[PDB]
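K.L.:
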Amino acid sequence: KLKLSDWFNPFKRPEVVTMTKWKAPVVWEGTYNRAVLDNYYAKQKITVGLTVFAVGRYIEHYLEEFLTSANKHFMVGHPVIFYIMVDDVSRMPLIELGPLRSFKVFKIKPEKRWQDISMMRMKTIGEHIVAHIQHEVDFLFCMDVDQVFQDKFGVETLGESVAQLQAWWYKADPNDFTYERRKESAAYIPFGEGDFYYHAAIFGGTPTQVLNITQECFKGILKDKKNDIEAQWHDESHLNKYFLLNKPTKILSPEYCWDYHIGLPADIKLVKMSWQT
C-alpha cells in the first residue's frame, strides 16, 4: 500500500491541528513529503482534474489569473485537466498552459438567482463527474475562481474526500462557526456538533466522492429552497453539514486557502493559494 506515516509527519507541525479527532490528516506546510507522494502517484499514473466556474463579469476579473496560477502550481508534474465552466466561451481567455496541463471548456446557462448559482454549480459538477470526469481523472478538485495559486498546491492535497479548513475560523471554537443554525434547514448543524468550519471555495476527492458531495449538497440546497429558506452561508453551509456527516479523509490547512486580509500569522508558513482582492 502506502502508509500515512510514509508521507505525513504531523510532528513537523505541533503548533496546529494535524490529525483530526478521526485519524485523518490535516495537511500543513512541512508535514507532507510531496516528493515521496509525487513519485508514488506518478507510478499510479494519476490525472488530477479541477473544476472552475466563472460566469459573466467573473471571467474577465478572475478566470485568467486563476488558470495561470493553477497552470503554474496545481499538481505540478502530473496530468491535470482544467474543467472550465463558463457562461460565454468567447470571454474565456485561452492562455498558454504548461506541460501535463490540458483543459476543456463548457457553456453553462448563467446564474442569476442568489442560490441557484451555487445550486447549479453542484448539479453541473456531478453531471460532469458522471458524464466524463469520472473516466478522465483519479482525483477531482472544485474551486471557486476568485482565488489564485501562490505556490505548489500538490498531490499532498490529494485524498479520498478533501475539505478545506476555512481560513478565518481555523483557530476558532465550533459553537462560533457560522454553521447553519436553523433546525428547519437541511444544513442544520446544532451547537455542540461540528469539528471544523470548512470552506466551500475548495473541495475535492475521487470523483466518486465529489459526485456524492455535490449531490447531497444539491439535495440539501434544493430542499432548503422548497422550504422557502436561504441558508446563512449558502452552498458553503451545506458543504459543511455534509463534511459533518461524511467526515473528510484529508483536510487542507488555511495555507491552501489563505485570506491575506486575515493577515499572516506564524501558522501560515507557505501560502499555496490565496483569495482574490
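The sequence shown begins at 1082 in the deposited numbering and counts up one residue at a time. Every residue, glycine too, gets a C-beta built ideally from N, C-alpha and C.
According to the Cβ coordinates, are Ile-1127 and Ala-1244 closer than 7 angstroms?
P.N.:
For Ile-1127 and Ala-1244, no; Cβs fall outside 7 angstroms.
K.L.:
DSSP on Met-1173, reduced to helix/strand/coil?
P.N.:
Assigned with DSSP and collapsed to three states, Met-1173 falls in coil, not helix or strand.
K.L.:
Can at least three beta-carbon pairs, one atom from the stretch 1342-1353 and one from the stretch 1310-1330, be found at a separation below 8 angstroms?
P.N.:
no
K.L.:
If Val-1229 and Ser-1355 are in contact, beta carbons under 8 angstroms, what's the gap, nearest whole angstrom?
P.N.:
6 angstroms
K.L.:
If I measure Cβ to Cβ from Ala-1248 and keep anything under 8 angstroms in the same chain, skipping five residues before and after, which residues do I get?
P.N.:
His-1280, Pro-1335, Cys-1338, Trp-1339, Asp-1340, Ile-1343, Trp-1356
K.L.:
Taking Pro-1174 as the reference, which of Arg-1194, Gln-1196, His-1142 has the closest Cα?
P.N.:
The shortest Cα separation from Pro-1174 among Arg-1194, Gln-1196, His-1142 belongs to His-1142.
K.L.:
Once the 5 residues before and after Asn-1090 are set aside, which same chain residues still bring their CB inside 6 angstroms of it?
P.N.:
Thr-1112
K.L.:
With which residues is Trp-1356 paired in a DSSP beta bridge?
P.N.:
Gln-1228
K.L.:
First and last residue of the beta strand (DSSP E) that includes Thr-1132?
P.N.:
Start and end: 1129-1135.
K.L.:
Determine, using beta carbons only, whether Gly-1130 and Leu-1221 come nearer to each other than 7 angstroms.
P.N.:
yes
K.L.:
Taking DSSP as the reference, what is the three-state secondary structure of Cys-1338?
P.N.:
coil
K.L.:
Who are the Cβ neighbours of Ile-1189 in its own chain at under 8 angstroms, not counting the five residues just before and after it?
P.N.:
Contacts found: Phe-1134, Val-1136, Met-1166, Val-1167, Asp-1168, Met-1201, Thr-1205.
K.L.:
From the DSSP secondary-structure annotation, give me the bridge partner or partners of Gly-1285.
P.N.:
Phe-1222, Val-1243
K.L.:
Going by DSSP, what residue range makes up the alpha helix (DSSP H) through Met-1203?
P.N.:
1198-1209
K.L.:
Please state the DSSP three-state secondary structure of residue 1360.
P.N.:
Since the first residue shown for the chain is 1082 and the last is 1358, residue 1360 is missing from the structure and cannot be characterised.
K.L.:
What number of angstroms, rounded off, separates the C-alpha of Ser-1242 from the C-alpha of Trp-1109?
P.N.:
17 angstroms
K.L.:
Can you have a look at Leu-1320 and say buried or exposed, based on whether 16 or more other CB atoms are within 10 angstroms of its CB?
P.N.:
buried
K.L.:
Below 6 angstroms CB to CB, which residues in the same chain sit around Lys-1322 once its five sequence neighbours on both sides are set aside?
P.N.:
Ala-1268, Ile-1270
K.L.:
To the nearest whole angstrom, what separates the beta carbons of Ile-1162 and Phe-1147, a pair I think is in contact under 8 angstroms?
P.N.:
The pair is not a contact, with the Cβ atoms about 15 angstroms apart (cut-off 8 angstroms).
K.L.:
One question on the structure: do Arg-1115 and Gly-1235 come within less than 7 angstroms of each other, judged by their Cβ atoms?
P.N.:
yes
K.L.:
Start and end of the alpha helix (DSSP H) containing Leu-1118?
P.N.:
1115-1125
K.L.:
Classify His-1216: buried if its beta carbon has 16 or more other beta carbons within 10 angstroms, exposed otherwise.
P.N.:
exposed
K.L.:
By the 10 Å Cβ neighbour count, where 16 or more other Cβ atoms means buried, how is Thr-1238 classified, buried or exposed?
P.N.:
It counts as buried.
K.L.:
Evaluate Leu-1144 with the Cβ neighbour count: other Cβ atoms within 10 Å of its Cβ, from every protein chain shown; 16 or more gives buried, anything less gives exposed.
P.N.:
By the 10 Å Cβ count, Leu-1144 comes out buried.
K.L.:
Quick one: using the 10 Å Cβ neighbour count with 16 as the cut-off for buried, is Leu-1351 buried or exposed?
P.N.:
exposed
K.L.:
Between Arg-1172 and the rest of its own chain, which residues show a CB-CB distance below 7 angstroms, the 5 nearest in sequence each way excluded?
P.N.:
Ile-1140, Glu-1141
K.L.:
On the three-state DSSP scale, how would you describe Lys-1307?
P.N.:
In the structure shown, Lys-1307 sits in a helix (DSSP, three-state: H, G or I).
K.L.:
Could you tell me the distance, in whole angstroms, from the CA atom of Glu-1265 to the CA atom of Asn-1293?
P.N.:
23 angstroms
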